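First, one chain by itself in structure tokens, the form deposited in one PDB entry.
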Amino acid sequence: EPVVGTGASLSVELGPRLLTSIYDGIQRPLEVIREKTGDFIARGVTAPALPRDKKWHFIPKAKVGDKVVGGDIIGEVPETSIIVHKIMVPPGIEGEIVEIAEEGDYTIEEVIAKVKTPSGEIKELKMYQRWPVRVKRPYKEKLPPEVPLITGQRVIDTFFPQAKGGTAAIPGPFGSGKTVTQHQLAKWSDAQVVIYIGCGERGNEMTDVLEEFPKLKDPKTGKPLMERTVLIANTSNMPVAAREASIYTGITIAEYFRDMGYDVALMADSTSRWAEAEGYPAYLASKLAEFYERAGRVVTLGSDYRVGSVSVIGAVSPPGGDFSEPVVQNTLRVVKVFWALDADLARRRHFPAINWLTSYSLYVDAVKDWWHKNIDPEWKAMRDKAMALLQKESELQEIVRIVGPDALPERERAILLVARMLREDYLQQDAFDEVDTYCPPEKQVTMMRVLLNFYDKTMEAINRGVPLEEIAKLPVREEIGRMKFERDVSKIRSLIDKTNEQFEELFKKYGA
């Protein structure tokens, strides 16, 4: 109960009823009290993490005489209408199943299986397990980044992708009302389970968490989002030790769902705060690295080949306006993706307000082959080409700030026209629209083809004396501006041929 080292069993419970729960930094339900210290040990107070009274349906998935290892799945429990809970042998336990519960209803303290280890010790297995939050749950192998976390947000999926098992940062307050991508990511990413550490601490970012989240829908199923979510609260009311520990608790819970074969998204909030008071400054930064090192897509423990994932999205909010010290410089050395939410884009109402010049993803090469093989062989070429055009536009805009626009040749005016179309018809996305709130991979590449083909044809036309003013008012342009609102991808695809012919009608009219 007490003991020396790093804590004496600072841990979490894992079994049916993690989903829909609201918790604190150390897994106590709807607001409890005070913990102290760390670096050595810690003290606690009363609350039961998972209900012992509630009865769960257990479907056995193994028989007497089955050999099992850590992570093997011995049964299933239908926990919400979205998520089947997978009952696994805890890590470090192996042997022969000598006893196993029949199908039926059971509380979580009941013994649903027994394992005889090779030395003969009999281990009793319940529907839940405990794990020290500060030790990475083990796995067979950490796979290299390969499969994108598909977000359905064009700028992210196309230009700044996150891999499943990857690490990403975004400017913080998740509760910030100036942006909604943080909410788009939670509901649309193709993770089955979300672990959310909303440490919104005061007023308008705290009671909006309670009794809206229960009404929030999971757009994929119609059912509520909380049926595939675990909330971890981090209020100003709470002790600084439980706040600190909350991310370790969240990522341990994420890892546990990963181990079942789920893709999970862990979203960690953060606030403009005074975190102050081992060779320090550098040490905390080294420990943060370790937290982010727990993200990954893995072959999980178990006898079946099984893959699961934890992807991390961390909020970042410096004390001041400037993104220099505390959290931001230290976070940006470890994360492979930064989505630079930009107050000046927001005021211009360019939405998602993601600065396409200051954001970055180091996963582009990691994920390209998944796109090429599954969606479009030209994904990476198109993406690179569109970015180069965005870079060119920005270089041109700088020059035109100095000398103005009147001296622009047709060619540069043309680059400006097409870059503007890319920004308006592709980067900008309407999270409030029934269609455009999510953009499937197949739609993203077709929209990109339409735009780049219009670019090719624009430059071909300039190259042949067609005035730009004639191209600017080509009727298909306005259809290109509305294609994000079209569900039918084949109708978007048809814009390619329509662009081609309209341009032919222009080559003709000029003898070009």
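Start at 1 and count along the sequence shown; that's the residue number. Rigid core: the largest C-alpha set superposing within 1.5 Å between the two forms.
Not on display, but discussed next: the form deposited in another entry.
Colleague: Core aligned, which of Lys126, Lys136, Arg202, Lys223 has the Cα that shifts 2 angstroms or more between the shown form and the other one?
Modeller: Single residue meeting the criterion: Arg202.
Colleague: Is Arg34 displaced by at least 2 Å at its C-alpha between the shown form and the other one when the rigid core is overlaid?
Modeller: It does shift by 2 Å or more.
Colleague: With both forms fit on the core, has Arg482 moved 2 Å or more by CA between the shown form and the other one?
Modeller: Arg482 C-alpha, core-superposed: shift of less than 2 Å.
Colleague: Determine, after fitting the two forms on their core, whether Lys473 shows a C-alpha shift of 2 Å or more between the shown form and the other one.
Modeller: No, its C-alpha moves less than 2 Å.
Colleague: Explain in one word, closer or farther, how the Cα atoms of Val32 and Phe213 are placed in that other deposited form relative to this form, where the distance changes by 3 Å or more.
Modeller: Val32 and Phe213 sit closer together in that other deposited form.
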